[PDB]
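> Experimental structure and sequence below, a few questions after.
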Amino acid sequence: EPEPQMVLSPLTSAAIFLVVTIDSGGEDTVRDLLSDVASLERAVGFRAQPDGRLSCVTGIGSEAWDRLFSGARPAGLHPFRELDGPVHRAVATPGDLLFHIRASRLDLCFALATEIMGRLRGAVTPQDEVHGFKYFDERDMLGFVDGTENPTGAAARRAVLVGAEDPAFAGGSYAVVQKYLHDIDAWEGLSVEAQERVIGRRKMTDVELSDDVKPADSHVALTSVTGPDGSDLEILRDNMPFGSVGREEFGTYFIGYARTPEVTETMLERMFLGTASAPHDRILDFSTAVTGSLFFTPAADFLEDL
Amino acid sequence: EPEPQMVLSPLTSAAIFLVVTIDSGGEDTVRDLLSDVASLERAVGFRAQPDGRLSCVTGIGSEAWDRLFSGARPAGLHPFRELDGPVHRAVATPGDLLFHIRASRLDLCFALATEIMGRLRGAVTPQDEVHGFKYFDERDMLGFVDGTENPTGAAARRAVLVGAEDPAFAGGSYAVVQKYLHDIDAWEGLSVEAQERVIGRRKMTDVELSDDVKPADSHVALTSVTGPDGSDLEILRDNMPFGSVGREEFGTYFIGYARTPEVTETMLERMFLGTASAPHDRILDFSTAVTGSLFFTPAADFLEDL
Amino acid sequence: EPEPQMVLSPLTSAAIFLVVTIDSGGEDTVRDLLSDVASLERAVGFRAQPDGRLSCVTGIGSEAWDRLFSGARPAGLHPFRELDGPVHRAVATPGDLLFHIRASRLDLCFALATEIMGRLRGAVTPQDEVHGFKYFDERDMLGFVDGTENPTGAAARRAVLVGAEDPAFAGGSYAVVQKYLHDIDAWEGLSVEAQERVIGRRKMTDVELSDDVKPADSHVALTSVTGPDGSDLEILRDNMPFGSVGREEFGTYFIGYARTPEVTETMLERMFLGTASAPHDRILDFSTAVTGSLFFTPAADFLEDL
Amino acid sequence: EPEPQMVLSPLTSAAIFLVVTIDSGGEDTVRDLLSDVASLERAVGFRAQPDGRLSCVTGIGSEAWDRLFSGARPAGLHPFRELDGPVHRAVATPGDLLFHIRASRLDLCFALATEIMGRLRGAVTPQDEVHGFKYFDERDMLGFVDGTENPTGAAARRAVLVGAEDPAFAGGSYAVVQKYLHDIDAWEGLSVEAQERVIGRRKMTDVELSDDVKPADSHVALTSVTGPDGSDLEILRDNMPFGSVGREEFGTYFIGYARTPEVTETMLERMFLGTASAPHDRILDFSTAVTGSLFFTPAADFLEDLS
Amino acid sequence: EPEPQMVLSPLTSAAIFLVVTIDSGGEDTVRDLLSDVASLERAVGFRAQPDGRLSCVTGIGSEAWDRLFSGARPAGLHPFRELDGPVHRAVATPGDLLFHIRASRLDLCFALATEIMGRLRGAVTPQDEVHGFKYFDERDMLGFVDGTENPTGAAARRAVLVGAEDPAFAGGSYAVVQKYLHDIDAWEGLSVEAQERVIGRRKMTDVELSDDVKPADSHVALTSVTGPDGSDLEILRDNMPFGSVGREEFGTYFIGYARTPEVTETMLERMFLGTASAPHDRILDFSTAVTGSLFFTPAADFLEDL
Amino acid sequence: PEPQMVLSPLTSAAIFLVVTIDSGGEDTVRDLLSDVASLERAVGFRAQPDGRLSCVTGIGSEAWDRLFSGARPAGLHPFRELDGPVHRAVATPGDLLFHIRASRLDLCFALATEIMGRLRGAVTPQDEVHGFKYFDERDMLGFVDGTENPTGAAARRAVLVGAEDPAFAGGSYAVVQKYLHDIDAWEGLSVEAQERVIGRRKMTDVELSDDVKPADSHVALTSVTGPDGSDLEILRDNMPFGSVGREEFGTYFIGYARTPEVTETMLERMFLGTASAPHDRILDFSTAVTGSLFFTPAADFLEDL
Ligand code: HEM
Ligand code: HEM
Ligand code: HEM
Ligand code: HEM
């Protein structure tokens, strides 16, 4: 049984997202860190167990994988596909490595980030750094409960982890990241009932709208994908609010894990390109993607044996 | 009799520091907010009780006071005095309003900050915004325990709150803010023993160094001041670590409360200018001040009666 | 000097409200319990200290007072004044003794109520029993945050505690209770915005509506009362949700404490009978009062010295 | 691989038990809700994770099963059997649906119960609604620690979940419910030592009485049952205290889960009908059963795959 | 106003009792420590806040006082008075210094003890060291809730703190320590009903026996002292269970704080010598005192100003 | 089979109880062993939320022959005394081990009282240690202790006996050692020197890089690779203990392993050294005063007895 990384972690209150590119000649330094990352996570985390719940998930990009490793590639590993929709665009931005650091405390995240980046000084260039925070009762920046319909247990494992379809990379996963900025002024201009029609759920109670009320262009409608056998195709999401009040930045940092990127990409396509029934996802009228990257997060045992 | 602001608050793990200048013609919008700031604190904070622990302390600058309030000034209110030492400099930077927001969770701080800043939009320009976090066991970015010798109870009340010396402003207090950036590379180049001689306390156990071992240019020695009376002059500090791993910013946000700014100014002079036996505070060899402002934090009832 | 009961208690998540009438010839049994009530509280409470936060407030009705005691009475102690509005009616129902039992857990409330009723058995007839519970983020059954504008600290003390206006009963207070049942079906028929106009505050954020938007017949407008001297007249409220799903019973148990009943009664009159601007309180269109009683809660020392 | 309901729940300090009968012509509305119950649980409970620990276990009665479904029946599903002993009797009362709602706080229980009943209005009639609360030291209303000898971990899973003996309903369980009211006057009239002889355990320390001093008519003795092979027969119990002080109601709401009702029913028999060495369970001298119903609690996927 | 030591502390679950005598020529070392004890408390306690709840109360005996300090003595300071009763004896044992260390965790206590004894090494001889632990439900070694009738708030302050009757030592207190060893075998041979008659309270529910049911030789009866004033004479107690399973030692470490030792001494006389109504305290038939010492615990600033 | 609570969540308090069985006290002991699990529940259940009470019961090699008939655990033998050039690992008598853990010491004590109450007059106590962990998981030497313990499935394969000895599957081997520290000598060292002794940074608990990590550091000598090339792991639960009056500052070491071979190898490397290292530098500040090996059977084994 291959040990996965802490993809299927419990709910945490704080996150740091770290996206870097690998400078030329930096390959060796990166490789050294990769084999040490698990022990660094344990070194920082153990001090404050068991309420710390510190984890780090390391992701490697498509272009970077070719620079770092020879031999087999994960079947689904490719650069993020840019989506030029009629109205909305899903941009692809550079990213070689992803560090998805989560804890119940921000300091634990920052300490681990410090350690990781300290080792990576002069080998990487930082592309993006986001410090996320749980907002109230699991609500996002739009004021809706965010995470409700995430799969749990065996359903989560089946949706997230690579299996026998790519046996060399079993216990791995695929992560899609996008940084979204919200137009809060426009959003708070809508009535609650109008916002509900945008999301597809009720605001306070988080009850899903009935199928006869739920618009075809609501976020919930478009991100609902049925598979070839009638089964729901699921992803695991850990959206984190971030922001700066002075610069008027109110954002959602989207991260979605799946066993194949094709599930996540189908959702993206429906959202940005639209379908026959829906011009595009209404949430995009209040949200702008400013980054977009795809990573493969290998099994933990892959990282150690380098 | 006069009800003070929550200067003497319980220990909080998160904080937002918000410094703004008042734009020309923005005075009425500011005055309006100041009368509602307490009810915004309750509106955001109440639903998170009792462990939310949300509080906001509002401070007003010297120049800002004259623009806003026609009437008597607090006796100790003046612009931050710039200190130009032989080696180190304490800069004075713009700042009309200070919002010191604390809570057990960052989201509480962010929500209130949004509300305040939403009301002030178009009337203020942001000068500084810092998101602070408690780091492990009350440690600062230098890895030392921070806040040990803070006064408590009545001793704290007596050292912080304006009394009969300025009866029109009883229940008020004076806040000095400075944003410090650390040279962590140089700092981690010192042995622990050398670091302890810089601070004046043991690193791990936080036990004060013996009188005959403690250096004169150590932080503890230079920030220890006895008044003409013979008793210790004390301030209330709530230093918060902050920073960004990508941009390699590791900082301390200093805020000190005192019933008269004279106390805080004496400490600063001792630090930056030095004494007979000490050129300057050794902590300054590893810390650069980038901001510097002084604010009067009125009694709560002063703010409500506008 | 006179020690009050735990009227100004921290916020608790559980409550038991117990209203009984004294049976003929039951006066002696009642007096014995009253002298012992404080010690029963300690006996039950201490086991679960310090997070138990168990307290009991004992109130005595007007008619009950004249049966139990001789000599001087509290100045404002009268039976509940029935209000006959054109539309809405505030009923008065029998109640001699009030037991207001609060704790962070229901078991502590139940164990104390059991000890009290065990000692009173054969002397009292139960009129009303309500088991109350905190509902989410301090929300009531209407979905609004309840308790935001309660006075705190010294302001709460001045609003609640009898002082020099009635020196023989200093440290006492007056409690008004009303059991309200809500018409949830009608309530949920309104949009959120329409509900906000009924209450006078924003639903999710609990921000008070601007004065130029807040309707004259909103709950907040009608319960805001100023005295001749311009100061706000305040009560301490500790409403608790209750109900049963099978009976479609969704209620608010109202309890308001004030130094004089005149304050509570004024608010109650503006709600039920209306003003020049407003016919009645809109909240009553969705709330029916089914009980109504007034009690005096004496100083703790009055109860002991008996 | 079967996905069970949250029968094996962590320790929770609040519960709502809701027992309803299905009105004539209410089958379709009930069918729709059963399909949505897990999503209603998430809607209410997610916002209060992880400390909320909100779960709902849905049970279906024997008579109700035939009205709702057309396929196979669970092997051990039948109406609650009345036990008519010489002194004490275990009554059978009506119940088509059971909602066993648990959380760390009552508010989450009440919210979910509101959502469920909101959808079922005009299709069902409530028979029983009990709001349970944790009482101090995991004690019941008799003042004894309650739940000490519950199976845990793997032993619990084996005693509770249906397996290959009924493969189509694997992941399911059987729930027996009884509402007991206590005679607290008579009970507190006993000495502690005398109460300990009734239960079979020490009151304050909760240590089990030795085999030599433990009476044959004690609760622990009569509810201890060995199989033919000699292994202990176990049930999972999550009794909740409840009551009203003014009405003098001091109660234990009993709920027992087992992979087969035979186990639970054997215990009931020994309690009410007695043995050769014991007339009846001594606890019944201070406890009256006021309700009695049997339900099958299906695997969660059975409820989902109902459209 | 003088600052007292943390004699009135929110009760904790762990304690170390440390009693030492001062060796020849050890006065100087002791004086050095006493002036540092408060800062040692913060050094060990601060970074563990707010959960640690670490405090140290330092007591000084009658003989020790005259070796350490010149000038006035506390009015009530004298050696522990031996009580040679007809059946039971209250022994006196040597002790110059008392350290009463409390926290929520034993490790916090041990760390402070280590620091104190580290500084006192070679100047003192240890007489007693006790590691104390409360049961989860505030029960003592006898299985009874212990601490129920301790005074709280202002009543506690008035009973424990030295006031105007001895103005120079205001804010001080008197501590009496006794280590008791229990005969558990004998105690557990009693039925609960019999044990209740020994104590004077119900075992399970901690309800006090009624006045006419409570035996006169019960613990609660004999330790209930009414002064010529008419009001109750109270002490603050913090009994801590201790023991060794292997050595069959099951003990209660008694410590009682009062503004004058006469209060404690009167109760102690009643327990050991009895009254006209009762031969002795019934608890003593199951409890043997093996140590006895009296200490003055001065105000914090008294120690600081050395 | 059902294992004992060897794989426990982290607890801040512990009592270690080591006793020998007096002559003729075998039957009394057997009776306890069958009830010990139910005593654990009895004391623990009422505090079930946060109690985290558990008891691990171990039996020594000599005691096993006295108590049982027939099959012995393959790896069960008396603790090997190691007499090194400088440092000595002593063997001390021990028949039964009670490893009791909880979030609070009162719970440990309550259980310990029940067990010893029934064992009274049948056993002699050899050792009784009341353990407390520092709030930041630090040991008596001021270093974070437990960082590199295996978790999850890795911990199961390292600790629990499996198919290699099927009759005793679910069992484990515990080695206990009571260490007393020379604190004065320890606090004489600089932080940097202390780090060279341990093999990890003191504050941040980051392992020293392989270029700087000394060969005689604790982490170096206790890092063992088997023939497979895989790392040989044990589960440790070191507890600080002591007395400020007696100047006792100690670590009570306990190590669980699938086979005692792994623990004994680490122990050899520490006391006897390698080619690169004379001995473990931690021993220059730590003296072993007890040493005993026990087999901790599956819970079922004790029940059906
Ligand atoms: C613009 C930023 C976004 C926000 C604020 C957002 C917020 C939400 C909210 C409030 C829900 C409903 C509650 C829940 O189940 O979590 C939801 C559902 C969901 N979102 Fe998003 N979302 C965002 C972007 C995305 C993206 C980019 C994807 C994938 C490409 C995605 C996939 C989903 C899925 C699969 C669901 C569950 C739908 C279902 O009920 O089956 N979201 N999101
Ligand atoms: C460069 C950023 C600074 C850092 C990292 C820092 C850190 C510390 C530390 C570690 C201590 C010892 C522990 C404690 O008692 O809190 C301390 C003490 C103190 N600091 Fe600072 N400090 C800084 C700047 C300042 C400034 C600007 C002032 C006032 C002008 C100040 C005033 C004090 C005082 C009064 C004490 C207590 C000294 C005593 O009486 O023992 N510090 N600081
Ligand atoms: C009248 C209400 C009842 C009360 C107050 C009650 C209370 C208790 C108590 C205090 C215990 C001992 C502690 C424990 O292990 O939980 C216990 C044990 C038990 N009860 Fe009950 N009980 C009741 C009814 C029932 C019923 C109706 C059944 C089954 C049909 C049952 C089955 C059991 C079982 C199986 C045990 C464990 C016995 C053992 O193996 O040690 N109880 N009960
Ligand atoms: C042998 C060790 C002792 C034990 C186990 C013990 C235990 C108890 C218990 C269970 C109570 C009742 C609950 C409470 O209010 O705390 C109590 C009350 C009390 N004890 Fe003790 N006690 C001991 C020694 C002492 C001594 C030596 C004194 C006096 C010097 C003392 C003074 C008191 C007082 C004043 C009360 C409160 C009486 C009242 O209800 O007003 N105790 N003790």
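Nice, I can see it. Residues are numbered from 1 along each chain as shown, chains lettered A, B, ... in the order given. Ligands and ions are numbered 1, 2, ... in the order given.

> hmm, stretch A:263-279 in reach of ligand 1?
Yes. Stretch A:263-279 is in contact with ligand 1 by Cβ under 6 Å from any ligand atom, via A:264, A:267, A:268, A:271. C-betas here are computed from N, CA, C, even on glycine.

> Distance across that stretch, terminal residue to terminal residue?
End-to-end distance of stretch A:263-279 (Cα to Cα, to the nearest Å): 20 Å.

> What lies in contact with it?
The contact list for stretch A:263-279 (Cβ atoms under 8 Å, 6 or more residues apart in numbering or on different chains) reads A:81, A:83, A:85-90, A:159, A:174, A:176, A:216-217, A:219, A:221-223, A:225, A:233-235, A:256, A:258, A:280-281, A:283-284.

> and if we set it to 7 Å?
The contact list for stretch A:263-279 (Cβ atoms under 7 Å, 6 or more residues apart in numbering or on different chains) reads A:81, A:83, A:85, A:88, A:90, A:176, A:216-217, A:222-223, A:225, A:233, A:235, A:256, A:258, A:280-281, A:284.

> From these, which land in helices?
residue A:222 (DSSP state H).

> of the contacts of stretch A:263-279, buried ones?
Neighbour-count burial (16 or more other Cβ atoms under 10 Å in any protein chain shown) applied to these gives A:83, A:85, A:88, A:90, A:176, A:217, A:222-223, A:225, A:233, A:235, A:256, A:258, A:280-281, A:284.

> for the residues you listed, which one is nearest ligand 1?
The shortest approach to ligand 1 among the buried ones among the contacts of stretch A:263-279 belongs to residue A:223, at 3.7 Å (Cβ to the nearest ligand atom).

> Skipping adjacent residues, who's closest to that closest one in space?
Nearest residue to residue A:223 in three dimensions, chain neighbours excluded: residue A:267, at 5.0 Å (Cβ to Cβ, 6 or more residues apart in numbering or on different chains).

> now that neighbour, what's its secondary structure?
helix (DSSP: H, G, I helix; E, B strand; the rest coil).

> count of residues packed around it?
Per other Cβ atoms under 10 Å in any protein chain shown, the neighbour tally for residue A:267 reads 20.

> closest point of the stretch 151-300 of chain A to chain B, which residue?
residue A:246 (3.4 Å; Cβ to the nearest Cβ).

> Not counting its neighbours along the chain, what's nearest whichever residue of the stretch 1-150 of chain A sits closest to ligand 4?
Of all residues in the stretch 1-150 of chain A, residue A:51 sits closest to ligand 4, at 33.5 Å by Cβ to the nearest ligand atom. Spatial nearest neighbour of residue A:51, chain neighbours left out: residue A:104 (6.0 Å); criterion: Cβ to Cβ, 6+ apart.

> quick one: contacts for the one you found?
The contact partners of residue A:104, by Cβ under 7 Å, 6+ apart, come to A:12, A:13, A:14, A:51, A:52, A:53.

> Quick check: the farthest pair among these?
Largest separation among the contacts of residue A:104 by Cβ to Cβ: A:14 and A:51, giving 12.6 Å.

> okay, those two: which has more neighbours?
It is residue A:14, of residue A:14 and residue A:51, that has more neighbours when counted by other Cβ under 10 Å, with 26 against 8.

> helix/strand/coil for residue A:32?
Here residue A:32 is recorded as helix under three-state DSSP.

> tell me the contacts of the residue nearest in space to the middle of chain A?
Geometric centre of chain A, nearest residue: residue A:255, 1.1 Å, by Cα atoms, centre = their mean. Contacts for residue A:255 (Cβ under 7 Å, 6+ apart) come out as A:100, A:175, A:177, A:237, A:238.

> and those residues, which are buried?
Among these, those classed as buried by 16+ other Cβ under 10 Å are A:100, A:175, A:177, A:237, A:238.

> My read is that the fourth one contacts residue A:258, right?
No. Taking Cβ atoms under 7 Å as the definition, residue A:237 is not a contact partner of residue A:258, at 9.9 Å.

> Show me where chain A has its strands.
In chain A, the segments counted as strands under DSSP state E are A:14-22, A:55-60, A:83-84, A:89-90, A:97-103, A:124-133, A:173-182, A:225-226, A:232-233, A:236-237, A:240-244, A:249-258, A:287-289, A:293-297.

> quick one: strands adjacent to the first one?
What it means is strand A:14-22. When pairing is defined by DSSP bridges, strand A:14-22 lines up against strand A:97-103 (antiparallel), strand A:124-133 (antiparallel).

> Find the closest residue to chain D in the stretch 101-250 of chain A.
For the stretch 101-250 of chain A, Cβ to the nearest Cβ, closest residue to chain D: residue A:137, 4.0 Å.

> what's the closest non-adjacent residue to that residue?
residue D:47 (4.0 Å).

> picking that back up, give the burial count for the residue of the stretch 151-300 of chain A closest to chain B, as a bare number.
Neighbours of residue A:246 using other Cβ under 10 Å come to 18.

> was I right about it contacting residue B:125?
No. Using Cβ under 7 Å, residue A:246 is not in contact with residue B:125, being 9.1 Å away.

> rewinding a little: with distance to ligand 1 as added columns, please give the strands of chain A in JSON lines.
Converted to JSON lines, these look like this (distance: least, Cβ to the nearest ligand atom, whole Å):
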{"stretch": "strand A:14-22", "distance to ligand 1": "14"}
{"stretch": "strand A:55-60", "distance to ligand 1": "16"}
{"stretch": "strand A:83-84", "distance to ligand 1": "11"}
{"stretch": "strand A:89-90", "distance to ligand 1": "8"}
{"stretch": "strand A:97-103", "distance to ligand 1": "16"}
{"stretch": "strand A:124-133", "distance to ligand 1": "13"}
{"stretch": "strand A:173-182", "distance to ligand 1": "4"}
{"stretch": "strand A:225-226", "distance to ligand 1": "8"}
{"stretch": "strand A:232-233", "distance to ligand 1": "7"}
{"stretch": "strand A:236-237", "distance to ligand 1": "6"}
{"stretch": "strand A:240-244", "distance to ligand 1": "9"}
{"stretch": "strand A:249-258", "distance to ligand 1": "4"}
{"stretch": "strand A:287-289", "distance to ligand 1": "4"}
{"stretch": "strand A:293-297", "distance to ligand 1": "12"}
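
> Give the full set of residues in contact with residue A:235.
A:159, A:256, A:257, A:258, A:263, A:264.

> rerun that using 6 Å as the cut-off
By Cβ atoms under 6 Å, 6 or more residues apart in numbering or on different chains, residue A:235 lies in contact with A:256, A:258, A:263, A:264.

> which one of these sits closest to ligand 2?
Nearest to ligand 2 among those, with distances taken as Cβ to the nearest ligand atom, is residue A:256, at 39.9 Å.

> what's across from the closest one in the sheet?
residue A:176, residue A:237.

> Hmm, it is touching residue A:237, no?
Yes. Contact criterion Cβ atoms under 6 Å: residue A:256 and residue A:237 qualify, at 5.1 Å.

> what's the burial count for residue A:49?
For residue A:49, the neighbour count with other Cβ under 10 Å is 15.

> thinking again about what came up before, and the residues of stretch A:263-279 next to ligand 1, which of them are buried?
Using 16+ other Cβ under 10 Å, the buried ones in these are A:264, A:267, A:268, A:271.

> what's the neighbour count on residue A:200?
23.

> What distance do you get for the residue in chain A that chain E sits nearest to to chain D?
Chain E sits closest to residue A:51 of chain A, with a gap of 11.2 Å, by Cβ to the nearest Cβ. Relative to chain D, residue A:51 is positioned 11 Å away (criterion: Cβ to the nearest Cβ, to the nearest Å).

> Also residue A:259?
17 Å.

> quick one: contacts for that residue?
So, once contact is read as Cβ under 6 Å, 6+ apart, residue A:259 ends up touching A:160, A:161, A:162.

> between those, which has the most around it?
residue A:162 (26 neighbours).

> How many residues are close by the one residue in the stretch 151-300 of chain A that gets nearest to chain F?
Proximity of the stretch 151-300 of chain A to chain F (Cβ to the nearest Cβ) peaks at residue A:300, 10.6 Å away. Applying other Cβ under 10 Å, we find 20 residues neighbouring residue A:300.
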